[PDB]
Structures are given as structure tokens and as C-alpha cells.
Amino acid sequence: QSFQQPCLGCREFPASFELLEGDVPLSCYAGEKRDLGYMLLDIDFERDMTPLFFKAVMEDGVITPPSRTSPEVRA
RNA sequence: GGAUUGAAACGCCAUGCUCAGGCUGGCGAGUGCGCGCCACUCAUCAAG
């Protein structure tokens, strides 16, 4: 169930979803560290919709962004 | 139930491969070559 069909970015790309109740499956990038550069965390809507960015590293295929509510990522 | 740099977003309108042009003119299967040389139907059996 859902309020609306989720989409992968743009509405024309529907996202099939499913709750995961166990260990995450294996990633194709399991043994690799990859740097993706700075990308978007979220839009700080409270601060007149100021975007904020973080540098994305993709060790083992898992990205760990900082909490967008943290004071040290926000303006 | 506020926000997935999102929410909205046609490649779309239309356009003869056509007009046409012998595969033709002509060329003996032909000259010739015994099925032939031989070989008993035959040795018997009343008519009732």
C-alpha cells in the first residue's frame, strides 16, 4: 500500500518497492571503494529552500550520508 | 499529508520510382553392320 506510487526521481519512472525483513542482499560493488564527489543531501526548506551537499563515498556499495537535520551540514 | 532540482511536457504536420526497350539473325545424326551354324516325341499298353 502507498499514498501514491513511488517513482525513481521522475513520475514517469515507477518504483517497485518491498519491505526487507532480513539481511541486505549482496552488492555488485561489495569489495570496491568508489568516490562520487559532492551531491545533494536535501533542500533546507526552512532556510528559503537552500540546497546542501555532501561528498558521497560508496564503500562496499553502501552510502552513508550525514543526517540532514544536523547543525553542521545546515547553514 | 509541505516539498523524490519534483510537480506539467507529441517529433509533429506531408511527398509516384517514374516515363521505355525483339534474344535475335541460321546450323542433315550421318555414313554402315546374316541370329546364325545343328537337334526322333519316342520306346508300349483287349473292345467288352
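Chain naming here is simple, since letters A, B, ... match the order of the sequence lines and numbering starts at 1 in each. Note: hydrogens, waters and symmetry copies are ignored here, and every other heavy atom, side chains too, is used.
The salt bridge (charged side-chain N to carboxylate O under 4.0 Å, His left out) analysis of residues 6-31 of chain A, with sequence neighbours excluded, yields no pairs.
Glycosidic conformation at B:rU44 (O4'-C1'-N9-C4 for purines, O4'-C1'-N1-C2 for pyrimidines): syn, within 90° of 0. The glycosidic torsion of B:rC45 lies more than 90° away from 0, which places this base in the anti conformation. Because its glycosidic torsion is within 90° of 0, B:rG28 is reported here as syn. Glycosidic conformation at B:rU5 (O4'-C1'-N9-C4 for purines, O4'-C1'-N1-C2 for pyrimidines): syn, within 90° of 0. Using a 90° window around 0 for the glycosidic torsion, B:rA43 falls inside it and is classed as syn.
B:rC40 and B:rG36 have their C1' atoms separated by 23 Å, with the value rounded to a whole Å. If you take atom P in B:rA9 and the same atom in B:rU4, they sit 16 Å apart, rounded to whole Å. Between B:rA7 and B:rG11, the two P atoms lie 16 Å apart (nearest whole Å). Comparing B:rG2 with B:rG6, their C1' atoms are spaced 12 Å from each other, to the whole Å. One P atom belongs to B:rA3, the other to B:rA8, and the distance between them is 13 Å to the nearest Å.
Taken from CZ in A:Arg34 to CD1 in A:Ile63, the straight-line distance is 10.5 Å, to the nearest 0.5 Å. A:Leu41 CG to A:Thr69 OG1: the interatomic distance, rounded to the nearest 0.5 Å, is 11.5 Å. A distance of 11.5 Å separates CG in A:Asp42 from OG in A:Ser67, rounded to the nearest 0.5 Å.
As a member of the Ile/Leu/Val/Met/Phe/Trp/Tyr network built from side-chain separations under 4.5 Å, A:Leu40 groups with A:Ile43, A:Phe45, A:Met49, A:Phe53.
When atom types are taken as modelled, the side chain of A:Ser2 and the backbone of A:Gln4 share a donor-acceptor pair closer than 3.5 angstrom. Formation of a donor-acceptor pair under 3.5 Å by the A:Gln5 side chain with backbone atoms of A:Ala15 is found in this model.
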(message) Please convert RNA chain B into dot-bracket. A pair counts if it is Watson-Crick or G-U wobble with both distances under 3.5 Å; crossing pairs go in [ ] and bases paired with another strand get |.
(response) ................................................
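Judged by ring centres under 5.5 angstrom apart and ring planes under 30 degrees, B:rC27 does not stack on its strand neighbour B:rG28. For the consecutive pair B:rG11/B:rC12, the pyrimidine-type rings sit with centres less than 5.5 Å apart and planes less than 30° apart, qualifying as a stack. Stacking between B:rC45 and B:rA46 is absent, since the six-membered rings do not have centres under 5.5 Å apart together with planes under 30°. Neighbours B:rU31 and B:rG32 form no stacked pair of bases, judged on six-membered rings against the 5.5 Å and 30° limits.
When every heavy atom of A:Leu26 is checked against every heavy atom of A:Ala30, the shortest pair comes out as CD1-CB, 4.1 Å.
Judged by the sign of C1'-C2'-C3'-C4', the furanose ring of B:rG16 adopts a north, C3'-endo-like conformation. Regarding nucleotide B:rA9, the torsion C1'-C2'-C3'-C4' is less than zero, so its sugar is described as south. A negative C1'-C2'-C3'-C4' dihedral is found for the sugar of B:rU5, placing it in the south range.
Under the salt bridge (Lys or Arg N to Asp or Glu O under 4.0 Å) criterion, A:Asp44 pairs with A:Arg47, A:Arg74, not counting sequence neighbours. By the salt bridge (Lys or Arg N to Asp or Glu O under 4.0 Å) test, A:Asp35 pairs with A:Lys55, sequence neighbours left out.
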(request) Could you encode protein contacts along nucleotides 1-8 of chain B as a string, one character per nucleotide from 5' to 3', using B for base contact, S for sugar-phosphate-only contact and - for no contact, with a heavy-atom cut-off of under 4.0 Å? (result) B-BBBSSS
